[PDB]
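There are 4 protein chains.
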Amino acid sequence: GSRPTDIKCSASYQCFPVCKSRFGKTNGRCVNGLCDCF
Amino acid sequence: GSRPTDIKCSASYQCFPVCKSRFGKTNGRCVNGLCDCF
Amino acid sequence: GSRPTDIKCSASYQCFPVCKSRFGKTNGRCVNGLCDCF
Amino acid sequence: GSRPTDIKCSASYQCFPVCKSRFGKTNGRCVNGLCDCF
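Residue numbers (the numbering used here), protein chains in the order written: chain R, 47 to 84; chain F, 47 to 84; chain G, 47 to 84; chain Z, 47 to 84.
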C-alpha cells in the first residue's frame, strides 16, 4: 500500500529519496505539500 | 534507451533520484520541464 | 544516534541523500539550516 | 581524487544523488555552480 509521510515538499521530484530511504519504495508524489510514497 | 517521466523539473539535478529509483538509471536530464532518464 | 553534517539545507527532503551517502542513515532532518542524520 | 560533472547546482545537497548515481561516490560539493564528486 501507500505510505504517507510528514516530509514537506513542493514538487514530486523531492519525494524520491525520502520514499526510497524510509520505505524502500520507488515511487513518490508530492500531495498537498507532503511526500506520499507508493 | 531513455525513459521519459511525468515528473516536473526546473533543473537536471532534480531528476537523478527519480531516474535511479524508478528505472535504475544513472543519469537524469530536465528536458522541456520534465525528467528524462538514461 | 545522530550524526551532524555541515551540508546546508532549507528543507528536510534535501537531507535524505546526504544522510544515506555519508552515514548509511535512512533519516535526515534540516535543523537550523544544516543536515542532521539519524 | 575528485570526479567533476557538468551538472549545474546552487547548493552542495543537490550533488549527492548525482555523485552516487554517476560514480558511486558518497560526497558531493557544488563548486562554482557545478557538482564535483569525491
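Every residue, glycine too, gets a C-beta built ideally from N, C-alpha and C.
Using a Cβ-based criterion (distance less than 6 Å to any ligand heavy atom), does residue i qualify as near the ligand GTP?
i	result
Z:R49	In the structure shown, the ligand GTP is absent, as is every other ligand, since no ligand is present at all.
Can you name the start and end residues of the alpha helix (DSSP H) that residue i belongs to?
i	result
G:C61	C61 to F69
Take the Cβ of residue i as the centre, count every other Cβ of all protein chains shown within 10 Å, and call the residue buried at 16 or more, exposed below.
i	result
Z:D82	buried
Z:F84	exposed
G:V64	buried
Z:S56	exposed
F:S58	buried
Which residue marks the beginning of the beta strand (DSSP E) containing residue i, and which one marks its end?
i	result
Z:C76	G74 to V77
G:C81	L80 to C83
Is the shortest distance between the beta-carbon of residue i and the beta-carbons of chain G less than 7 Å?
i	result
Z:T51	no
List, in order along the chain, the chain B residues whose C-beta lies closer than 7 Å to that of residue i?
i	result
F:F62	Within the model displayed, chain B is absent; protein chains R, F, G and Z are what it includes.
When you compare each of the options to residue i by their alpha carbons, which one comes out closest?
i	options	result
Z:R75	Z:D52, Z:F69 and Z:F62	Z:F62
residue 91 of chain R	F:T72, F:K66, F:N73 and F:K71	With chain R running from 47 to 84 in the structure shown, residue 91 of chain R is simply not present.
Nearest chain R C-beta to residue i closer than 7 Å, yes or no?
i	result
F:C55	yes
If we define contact as Cβ-Cβ less than 7 Å, is residue i a contact residue for chain F?
i	result
R:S48	no
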